Each structure stands twice: as structure tokens, then as C-alpha cells.
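Colleague: You'll find entry_27.cif just under this line, and it carries mmCIF, C-alpha atoms and all ligand atoms.
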```
data_run
#
loop_
_atom_site.label_atom_id
_atom_site.label_comp_id
_atom_site.auth_asym_id
_atom_site.auth_seq_id
_atom_site.Cartn_x
_atom_site.Cartn_y
_atom_site.Cartn_z
CA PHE A 62 117.69 85.59 142.42
CA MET A 63 117.39 84.33 138.83
CA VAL A 64 115.82 80.96 138.20
CA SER A 65 117.09 78.59 135.55
CA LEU A 66 116.15 79.03 131.96
CA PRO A 67 114.09 76.21 130.50
CA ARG A 68 115.39 73.94 127.76
CA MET A 69 115.45 75.81 124.47
CA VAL A 70 116.33 74.72 120.95
CA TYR A 71 118.08 77.38 118.83
CA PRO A 72 121.03 77.74 116.48
CA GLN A 73 124.45 77.22 118.04
CA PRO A 74 126.57 80.37 118.18
CA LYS A 75 129.92 79.61 116.56
CA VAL A 76 132.88 81.59 117.82
CA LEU A 77 134.74 81.48 114.46
CA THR A 78 131.79 83.10 112.75
CA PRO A 79 130.79 86.67 113.64
CA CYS A 80 127.06 87.70 113.63
CA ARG A 81 127.97 90.95 111.80
CA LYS A 82 131.32 91.69 110.06
CA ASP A 83 130.31 95.02 108.77
CA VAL A 84 129.85 96.88 112.01
CA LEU A 85 131.35 97.28 115.53
CA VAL A 86 129.20 95.18 117.84
CA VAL A 87 131.02 95.89 121.18
CA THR A 88 132.46 99.16 122.46
CA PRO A 89 136.08 99.35 123.80
CA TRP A 90 134.68 99.27 127.33
CA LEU A 91 132.91 95.93 126.52
CA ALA A 92 129.31 97.26 126.17
CA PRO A 93 127.35 95.54 123.35
CA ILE A 94 126.25 97.74 120.45
CA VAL A 95 122.81 96.48 119.55
CA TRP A 96 122.28 95.62 115.87
CA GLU A 97 120.01 93.14 114.23
CA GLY A 98 121.72 89.68 114.00
CA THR A 99 123.63 90.20 117.33
CA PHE A 100 120.86 88.92 119.68
CA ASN A 101 118.54 85.87 119.96
CA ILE A 102 115.38 87.61 121.16
CA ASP A 103 113.93 84.29 122.39
CA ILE A 104 116.73 83.87 124.94
CA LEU A 105 116.49 87.51 126.00
CA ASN A 106 112.72 87.36 126.32
CA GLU A 107 113.02 84.31 128.58
CA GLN A 108 115.65 85.96 130.77
CA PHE A 109 113.62 89.16 131.23
CA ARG A 110 110.19 87.49 131.70
CA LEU A 111 111.71 85.22 134.38
CA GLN A 112 112.46 88.50 136.27
CA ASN A 113 108.87 89.83 135.58
CA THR A 114 110.53 92.95 134.21
CA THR A 115 108.48 96.19 134.04
CA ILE A 116 109.56 98.87 131.60
CA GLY A 117 108.53 102.52 132.01
CA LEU A 118 108.44 104.74 128.92
CA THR A 119 108.52 108.51 129.34
CA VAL A 120 107.30 110.83 126.59
CA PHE A 121 106.61 114.59 126.63
CA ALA A 122 103.86 116.01 124.59
CA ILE A 123 103.69 119.77 125.26
CA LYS A 124 101.76 122.31 123.29
CA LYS A 125 101.33 121.25 119.62
CA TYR A 126 103.15 117.97 120.15
CA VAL A 127 100.11 116.35 121.60
CA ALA A 128 99.20 115.71 117.96
CA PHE A 129 101.98 113.10 117.81
CA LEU A 130 100.75 110.94 120.66
CA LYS A 131 98.17 108.79 118.75
CA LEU A 132 100.67 107.37 116.27
CA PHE A 133 103.44 107.19 118.86
CA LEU A 134 101.33 105.16 121.25
CA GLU A 135 99.54 102.99 118.79
CA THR A 136 102.77 101.92 117.14
CA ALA A 137 104.38 101.44 120.59
CA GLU A 138 101.63 98.95 121.27
CA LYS A 139 102.57 97.00 118.10
CA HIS A 140 106.37 97.02 118.61
CA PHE A 141 107.62 98.17 122.05
CA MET A 142 108.26 95.43 124.65
CA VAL A 143 105.35 93.31 123.55
CA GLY A 144 104.81 90.49 126.06
CA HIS A 145 106.40 92.44 128.90
CA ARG A 146 104.86 94.73 131.48
CA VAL A 147 104.90 98.35 130.25
CA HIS A 148 103.97 101.63 131.98
CA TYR A 149 103.72 104.68 129.79
CA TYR A 150 104.19 108.05 131.45
CA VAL A 151 102.86 110.82 129.28
CA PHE A 152 103.91 114.30 130.45
CA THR A 153 101.70 116.99 129.00
CA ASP A 154 100.14 120.46 129.51
CA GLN A 155 96.91 119.23 127.99
CA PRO A 156 95.70 116.04 129.72
CA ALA A 157 92.45 116.24 127.77
CA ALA A 158 94.24 116.07 124.45
CA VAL A 159 95.83 112.68 125.22
CA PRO A 160 94.14 110.24 122.72
CA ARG A 161 92.29 107.17 124.06
CA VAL A 162 94.56 104.35 122.87
CA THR A 163 93.69 100.74 123.46
CA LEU A 164 96.42 98.86 125.27
CA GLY A 165 97.37 95.17 125.32
CA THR A 166 97.15 93.28 128.58
CA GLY A 167 99.82 94.09 131.24
CA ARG A 168 100.28 97.64 129.94
CA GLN A 169 99.19 100.91 131.52
CA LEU A 170 99.29 104.58 130.83
CA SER A 171 99.54 107.48 133.27
CA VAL A 172 98.99 111.07 132.32
CA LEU A 173 101.21 113.55 134.30
CA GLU A 174 100.34 117.20 133.95
CA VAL A 175 103.21 119.53 133.82
CA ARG A 176 103.78 123.16 132.98
CA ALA A 177 104.44 124.32 129.42
CA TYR A 178 107.50 126.61 128.89
CA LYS A 179 107.44 129.23 126.07
CA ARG A 180 110.77 128.29 124.48
CA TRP A 181 111.15 125.06 122.41
CA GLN A 182 114.65 124.78 124.10
CA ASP A 183 113.28 124.95 127.67
CA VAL A 184 110.54 122.42 126.90
CA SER A 185 113.24 120.03 125.60
CA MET A 186 115.73 120.90 128.40
CA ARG A 187 113.31 120.69 131.35
CA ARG A 188 112.61 116.98 130.57
CA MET A 189 115.68 116.11 132.63
CA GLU A 190 114.34 117.89 135.70
CA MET A 191 110.85 116.46 135.24
CA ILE A 192 112.19 112.98 134.83
CA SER A 193 114.41 113.26 137.88
CA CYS A 196 109.08 111.71 139.55
CA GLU A 197 111.95 109.85 141.31
CA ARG A 198 110.06 108.01 144.02
CA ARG A 199 107.21 106.95 141.77
CA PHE A 200 109.46 105.29 139.16
CA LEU A 201 111.43 103.42 141.79
CA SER A 202 108.18 101.90 143.05
CA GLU A 203 106.58 101.14 139.67
CA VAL A 204 109.16 100.07 137.08
CA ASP A 205 112.56 98.33 136.76
CA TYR A 206 113.85 100.24 133.74
CA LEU A 207 113.06 103.64 132.27
CA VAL A 208 113.20 104.49 128.57
CA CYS A 209 113.07 108.18 127.64
CA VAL A 210 112.09 109.14 124.11
CA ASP A 211 110.84 111.94 121.81
CA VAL A 212 107.15 111.92 120.88
CA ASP A 213 107.53 113.04 117.23
CA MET A 214 108.29 109.41 116.29
CA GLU A 215 106.74 106.14 115.32
CA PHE A 216 107.70 102.46 115.94
CA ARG A 217 108.07 100.50 112.72
CA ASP A 218 109.66 97.34 114.00
CA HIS A 219 110.67 95.45 117.15
CA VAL A 220 112.06 97.48 120.09
CA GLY A 221 112.40 95.00 122.96
CA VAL A 222 114.36 93.86 125.94
CA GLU A 223 117.64 93.63 123.97
CA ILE A 224 117.93 97.36 124.86
CA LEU A 225 117.67 96.92 128.58
CA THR A 226 120.78 97.38 130.70
CA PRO A 227 121.81 99.66 133.53
CA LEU A 228 122.53 102.59 131.20
CA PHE A 229 122.18 103.05 127.45
CA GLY A 230 122.46 105.70 124.79
CA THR A 231 121.59 105.60 121.11
CA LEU A 232 123.89 106.56 118.23
CA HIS A 233 122.63 109.72 116.48
CA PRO A 234 121.79 108.78 112.89
CA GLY A 235 123.57 111.83 111.43
CA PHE A 236 126.95 110.96 113.01
CA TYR A 237 127.51 107.26 113.33
CA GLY A 238 129.99 107.26 110.43
CA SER A 239 131.64 110.58 111.52
CA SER A 240 135.06 111.27 113.07
CA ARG A 241 134.81 112.75 116.57
CA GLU A 242 136.04 116.19 115.60
CA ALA A 243 132.90 116.49 113.40
CA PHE A 244 130.56 115.70 116.31
CA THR A 245 128.46 118.59 117.37
CA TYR A 246 129.44 118.43 121.02
CA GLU A 247 129.44 121.68 122.97
CA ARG A 248 132.92 123.18 122.20
CA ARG A 249 132.99 126.22 124.54
CA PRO A 250 135.01 125.58 127.72
CA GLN A 251 132.63 127.87 129.66
CA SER A 252 129.82 125.24 129.41
CA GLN A 253 129.51 122.24 131.72
CA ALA A 254 128.79 120.18 128.55
CA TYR A 255 132.18 121.03 127.03
CA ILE A 256 134.09 118.24 125.26
CA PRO A 257 137.49 118.96 123.59
CA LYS A 258 138.12 117.92 119.97
CA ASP A 259 140.24 114.93 120.96
CA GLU A 260 137.65 113.36 123.28
CA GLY A 261 134.46 111.49 122.58
CA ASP A 262 133.48 107.91 121.83
CA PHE A 263 130.14 108.51 120.01
CA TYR A 264 127.58 111.22 119.38
CA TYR A 265 124.39 110.06 121.18
CA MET A 266 121.02 111.50 120.35
CA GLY A 267 118.86 113.06 123.07
CA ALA A 268 115.70 111.40 121.64
CA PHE A 269 116.34 107.85 123.06
CA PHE A 270 118.21 106.91 126.23
CA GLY A 271 117.41 104.83 129.31
CA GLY A 272 118.57 102.26 131.82
CA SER A 273 117.64 101.12 135.29
CA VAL A 274 115.65 103.61 137.30
CA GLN A 275 118.67 104.31 139.52
CA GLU A 276 120.98 105.04 136.57
CA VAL A 277 118.46 107.08 134.69
CA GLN A 278 117.79 109.20 137.85
CA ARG A 279 121.59 109.70 138.16
CA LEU A 280 121.84 110.75 134.58
CA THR A 281 118.91 113.18 134.51
CA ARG A 282 119.88 114.67 137.93
CA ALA A 283 123.41 115.27 136.71
CA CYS A 284 122.29 116.80 133.39
CA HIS A 285 119.69 119.03 135.17
CA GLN A 286 122.37 120.23 137.63
CA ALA A 287 124.80 120.90 134.81
CA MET A 288 122.13 122.84 132.82
CA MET A 289 121.41 124.94 135.97
CA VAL A 290 125.12 125.77 136.28
CA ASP A 291 125.17 126.85 132.63
CA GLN A 292 122.02 129.00 133.10
CA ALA A 293 123.66 130.74 136.11
CA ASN A 294 126.75 131.36 133.98
CA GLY A 295 124.67 132.79 131.06
CA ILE A 296 125.45 129.99 128.64
CA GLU A 297 123.17 127.59 126.76
CA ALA A 298 124.66 124.45 125.25
CA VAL A 299 124.60 124.27 121.42
CA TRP A 300 122.29 121.18 121.44
CA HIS A 301 120.63 121.81 124.82
CA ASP A 302 119.91 118.64 126.82
CA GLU A 303 121.57 116.52 124.09
CA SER A 304 124.91 118.28 124.70
CA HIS A 305 124.73 117.47 128.42
CA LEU A 306 123.67 113.85 127.75
CA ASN A 307 126.80 113.56 125.62
CA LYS A 308 129.03 114.93 128.30
CA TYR A 309 127.49 112.52 130.84
CA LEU A 310 127.88 109.45 128.62
CA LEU A 311 131.49 110.31 127.82
CA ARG A 312 132.27 110.38 131.60
CA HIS A 313 129.89 107.50 132.58
CA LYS A 314 130.14 104.92 129.83
CA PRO A 315 126.83 103.27 128.89
CA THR A 316 126.56 99.55 129.43
CA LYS A 317 124.84 99.11 125.99
CA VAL A 318 124.74 101.39 122.95
CA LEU A 319 121.85 101.13 120.53
CA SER A 320 122.64 101.25 116.80
CA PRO A 321 120.88 103.78 114.53
CA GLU A 322 118.21 101.08 113.82
CA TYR A 323 116.74 102.54 116.97
CA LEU A 324 116.65 106.23 115.95
CA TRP A 325 116.36 106.94 112.21
CA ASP A 326 114.93 109.48 109.73
CA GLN A 327 114.16 107.68 106.39
CA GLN A 328 113.19 111.04 104.74
CA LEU A 329 116.59 112.59 105.41
CA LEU A 330 118.79 109.45 105.34
CA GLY A 331 117.06 106.78 103.31
CA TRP A 332 117.49 103.04 104.19
CA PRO A 333 121.17 102.05 103.98
CA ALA A 334 122.12 98.42 103.65
CA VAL A 335 123.86 98.48 107.05
CA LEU A 336 120.43 98.94 108.71
CA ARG A 337 118.59 95.59 108.40
CA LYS A 338 115.63 97.11 110.30
CA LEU A 339 114.33 100.59 110.79
CA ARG A 340 112.70 100.32 114.25
CA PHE A 341 111.92 103.79 115.57
CA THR A 342 111.77 106.69 113.12
CA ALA A 343 111.06 110.39 112.87
CA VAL A 344 107.62 111.60 111.78
CA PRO A 345 107.77 114.52 109.29
CA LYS A 346 107.34 117.91 110.84
CA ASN A 347 107.62 121.62 110.16
CA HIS A 348 110.50 122.95 112.30
CA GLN A 349 109.22 125.73 112.65
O1 LIG A 401 106.79 122.33 121.73
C1 LIG A 401 107.35 121.30 122.11
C2 LIG A 401 108.71 121.10 121.88
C3 LIG A 401 109.31 119.90 122.23
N1 LIG A 401 108.57 118.89 122.91
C4 LIG A 401 109.06 117.62 123.39
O2 LIG A 401 110.57 117.74 123.26
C5 LIG A 401 110.99 116.67 122.38
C6 LIG A 401 112.27 117.14 121.58
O3 LIG A 401 111.88 118.28 120.72
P1 LIG A 401 111.84 118.00 119.19
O4 LIG A 401 111.26 116.65 118.82
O5 LIG A 401 111.18 119.26 118.64
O6 LIG A 401 113.40 118.08 118.81
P2 LIG A 401 114.00 117.49 117.44
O7 LIG A 401 113.85 116.01 117.36
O8 LIG A 401 113.15 118.09 116.21
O9 LIG A 401 115.47 118.10 117.38
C7 LIG A 401 109.81 116.38 121.48
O10 LIG A 401 109.83 115.08 120.88
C8 LIG A 401 108.66 116.44 122.52
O11 LIG A 401 108.70 115.26 123.32
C9 LIG A 401 107.21 119.13 123.16
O12 LIG A 401 106.61 118.25 123.71
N2 LIG A 401 106.61 120.31 122.74
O1 LIG A 402 123.87 118.09 115.49
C1 LIG A 402 122.89 117.61 116.37
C2 LIG A 402 121.47 117.91 115.82
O2 LIG A 402 121.28 117.10 114.69
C3 LIG A 402 119.98 117.33 114.11
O3 LIG A 402 119.92 116.47 113.00
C4 LIG A 402 118.84 117.04 115.09
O4 LIG A 402 117.64 117.46 114.51
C5 LIG A 402 119.00 117.91 116.30
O5 LIG A 402 118.02 117.61 117.24
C6 LIG A 402 120.42 117.66 116.87
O6 LIG A 402 120.57 116.32 117.32
MN MN A 403 112.23 114.87 118.03
#
```
Any chance you could give the structure as C-alpha cells?

Modeller:
Amino acid sequence: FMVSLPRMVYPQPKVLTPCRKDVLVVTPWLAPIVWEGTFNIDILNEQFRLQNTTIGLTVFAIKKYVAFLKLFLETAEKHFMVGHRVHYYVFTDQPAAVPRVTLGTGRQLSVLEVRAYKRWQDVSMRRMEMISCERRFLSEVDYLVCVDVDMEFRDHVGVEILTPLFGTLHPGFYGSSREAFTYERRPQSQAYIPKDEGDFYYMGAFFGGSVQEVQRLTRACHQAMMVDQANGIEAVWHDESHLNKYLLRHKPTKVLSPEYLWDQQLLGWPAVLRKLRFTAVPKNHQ
């Protein structure tokens, strides 16, 4: 049950004036595409605080990537769901290497030890299995957000992203035609998408939704990756190829713009991005 919003004073939306004329702000299945200037964060904050919303954030920091946790977490504290209840879940093979970061009130961090895999690809790929922790998340949070660690928050990332299921536009492909997307193109893979299908190319580094929908998504991608393994095939972009196949067949209820996943070193700061909110930290491949 949702109680009434209080009286609020804010600018009137006018239907004969668009917030943004330069970009697509709604998908053809009527999911908002979240750009700056499309949302009044004061109204959204009210709606979500009146539900005492709790957001979980998953992050894997395996092997060398524990080095990225300090900046990731400290900048999350400045910009990620400030004012709301947050539970970080840090999955790592080195619990002792997790930095001691000071958290704002209403925020908590759990360290979950997991195995390390040798291959970069398996570390990245086995996140879906590890995420799909099912019973704990259902008891502890309302939404789950699943991100890469080799990142920093530079600006607001808040409850405008929350919805039953979201993906984020990959910053290399938002202006591309579908045939240029790097979907898995071999029909022998479960992640296969033909050249005439596809709405968007979503990046594997930022997706989320309600616990139920995120558990559906990660269970389906883990099952599909097991089928591929049994068939001796590995999708071209690993878990990201399977996330794309899932989101083509189960449309997300919001899509985040590339404000939410950017690389300023490789792509600069185009005018179409009013804010750069969550960005890659430089790293050697290797
Ligand atoms: O040795 C590794 C390799 C990958 N990852 C995790 O897998 C994610 C995706 O890998 P990566 O960031 O290397 O992929 P990229 O963004 O460079 O394509 C990383 O952010 C980490 O969360 C990790 O923890 N240790
Ligand atoms: O083509 C898709 C690829 O694009 C790269 O820019 C990115 O580093 C990879 O992780 C993958 O998303
Ligand atoms: Mn990454």
C-alpha cells in the first residue's frame, strides 16, 4: 500500500514542451530511457522513501581487482542512493583485502567469500551463478543493482533507475545500427541474435531490477551459459552476450542512458551527456 505524497512545489510539466528533444526518452515498449532532464528527483525520492526502499549493490572483486574497491565504495557513498537504505554485497576471494570504508547512516556492507577462477572470462561469467545468494537477497533488499568494480561514481545515481528490470546502454554502441552490435552471431550459442533483431546493445557492467527479476535474469543467463559450455561454445562477450539475449526476449522496464556507464578516456564528454555518473577507471587489460 502506498501512502499519499505530501504537498510539493515544483515546476509544472508542460505536455507541449519535451524535457529532451535530442534523444529518445521512451522505448517502443513504453519503458523510460533515463537521461538527465527527464526526471524530478525530488518526486522520485519521496515516492521511494515512502516505501522505505532498500537497494542492494553487488560487486565482485576477485584477484587483483580488490585494488578497485576503495575508490568504488568511497564514491558510491558520495553518489549512490544517498538518503536511502543501501546494502553492499562485496564478493571476493580475499576478504582481508576489502578496505575499511566509512559508511553513511542506513548503509551496510557484507563481505561474501567466493572462489577465484583462473580465467578472466570465468570470473566474469560466474557472477550470474553467484548472484542467483537467492534467499538472502529476498529477505534483505527490495532491488538489486549489479555492477563492475573497476569504476567510480562521479555524479548522482539514484532511485530514478529503480524498476522491475533494467539494462544500461553500452557507451560504444548507443549511436550504432543493430547490425553493428557485437551480439553473439553463431546459431550454435544460446546467446545467438540474428542481424535483423535487437533493440539495444546493453553492457554487462550495470543491470538490475527487483530481486525477483534479477534472480530470473541471472538464473536464465547461468543456465544458458551452462548449455553453451556443454556444447563447447563460449559466447563472444561472455555474460554480456547472454544478458543481451535475455533483454531482447524480456524487455526491460527502464533503460539507463550512457550517463550511467561511460569511459571519458576512450569517448570524451559529448554534449548529449549532461552528466557523467558512473565511469571506467583506467586499467591495463592485460
Ligand atoms: O580478475 C578479475 C576479472 C574480473 N573481475 C570482476 O569482473 C568484472 C568484469 O571484468 P572487467 O571489468 O575486467 O571487464 P571489462 O569492463 O574490462 O570488459 C570486473 O569489474 C570485476 O568485478 C574480477 O573481479 N577479477
Ligand atoms: O563489444 C563489446 C565490448 O566492448 C568493449 O568496449 C568492452 O570493453 C567489452 O567489455 C565489451 O562490452
Ligand atoms: Mn569493467

Colleague: Compile the contact shell of segment 149-162 of chain A as a ChimeraX atom specification: residues with an atom at most 12 Å away, counting all atoms listed in the file, same-chain residues fewer than 5 positions apart removed.

Modeller: /A:115-139,141-142,167-179,184-185,187-188,191-192,196,199-200,203-204,206-212

Colleague: Using all atoms listed in the file, which protein or nucleic acid residues come within 8 Å of residue 299 of chain A? Drop anything in the same chain fewer than 5 positions from it, and give the result as an NGL selection string.

Modeller: :A and (245-247 or 304)

Colleague: Set the cut-off to 10 Å, count all atoms listed in the file, and list whatever residues fall near ligand MN 403 (chain A) as a ChimeraX atom specification.

Modeller: /A:126,185,210-214,266-269,324,342-346

Colleague: In Å, how far is it from atom CA of residue 325 of chain A to atom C6 of ligand LIG 402 (chain A)?

Modeller: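 Those two atoms sit 12.4 Å apart.
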
Colleague: For a test of reading the model, state the distance in Å between atom CA of residue 105 of chain A and atom CA of residue 222 of chain A, rounded to one decimal.

Modeller: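 Atom CA of residue 105 of chain A sits 6.7 Å away from atom CA of residue 222 of chain A.
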
Colleague: What is the atom CA of residue 67 of chain A to atom CA of residue 109 of chain A distance in Å?

Modeller: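 Taking atom CA of residue 67 of chain A as the start and atom CA of residue 109 of chain A as the end point, the length is 13.0 Å.
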
Colleague: Could you tell me which of A:193, A:108, A:99, A:240 comes closest to residue 262 of chain A if we count only C-alpha atoms?

Modeller: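 With only C-alpha atoms as the atom set, the closest residue is A:240.
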
Colleague: Identify, on the basis of only C-alpha atoms, every residue whose closest approach to residue 74 of chain A does not exceed 12 Å; exclude the query and any residue fewer than 5 positions from it along the same chain; express the result as a PyMOL selection string.

Modeller: chain A and resi 79-80+98-101

Colleague: Taking into account all atoms listed in the file, which residue in the set A:248, A:317, A:140, A:82 is nearest to residue 225 of chain A?

Modeller: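 Counting all atoms listed in the file, the residue closest to residue 225 of chain A is A:317.
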
Colleague: Which residue out of A:349, A:273, A:112, A:106 has the minimum interatomic distance to ligand LIG 401 (chain A) when all atoms listed in the file are used?

Modeller: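 Closest candidate: A:349.
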
Colleague: List the neighbours of residue 290 of chain A out to 12 Å using all atoms listed in the file; skip same-chain residues closer than 5 positions along the sequence, and give me the result as a PDB file with C-alpha atoms, in the frame of the given file.

Modeller:
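Okay, this is what ended up in part01.pdb:
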```
ATOM      1  CA  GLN A 251     132.630 127.870 129.660  1.00  0.00           C
ATOM      2  CA  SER A 252     129.820 125.240 129.410  1.00  0.00           C
ATOM      3  CA  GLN A 253     129.510 122.240 131.720  1.00  0.00           C
ATOM      4  CA  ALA A 254     128.790 120.180 128.550  1.00  0.00           C
ATOM      5  CA  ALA A 283     123.410 115.270 136.710  1.00  0.00           C
ATOM      6  CA  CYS A 284     122.290 116.800 133.390  1.00  0.00           C
ATOM      7  CA  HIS A 285     119.690 119.030 135.170  1.00  0.00           C
ATOM      8  CA  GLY A 295     124.670 132.790 131.060  1.00  0.00           C
ATOM      9  CA  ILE A 296     125.450 129.990 128.640  1.00  0.00           C
ATOM     10  CA  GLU A 297     123.170 127.590 126.760  1.00  0.00           C
ATOM     11  CA  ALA A 298     124.660 124.450 125.250  1.00  0.00           C
ATOM     12  CA  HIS A 305     124.730 117.470 128.420  1.00  0.00           C
TER      13      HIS A 305
END
```

Colleague: Just want the 7 Å neighbourhood of residue 282 of chain A, counted on only C-alpha atoms, with same-chain residues fewer than 4 positions away dropped. Output as an MDAnalysis selection string.

Modeller: chainID A and resid 189:190 193 278 286

Colleague: Kindly export the residues of the current selection with C-alpha atoms, as a PDB file, in the frame of the given file.

Modeller:
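Final file, part08.pdb:
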```pdb
ATOM      1  CA  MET A 189     115.680 116.110 132.630  1.00  0.00           C
ATOM      2  CA  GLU A 190     114.340 117.890 135.700  1.00  0.00           C
ATOM      3  CA  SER A 193     114.410 113.260 137.880  1.00  0.00           C
ATOM      4  CA  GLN A 278     117.790 109.200 137.850  1.00  0.00           C
ATOM      5  CA  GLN A 286     122.370 120.230 137.630  1.00  0.00           C
TER       6      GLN A 286
END
```
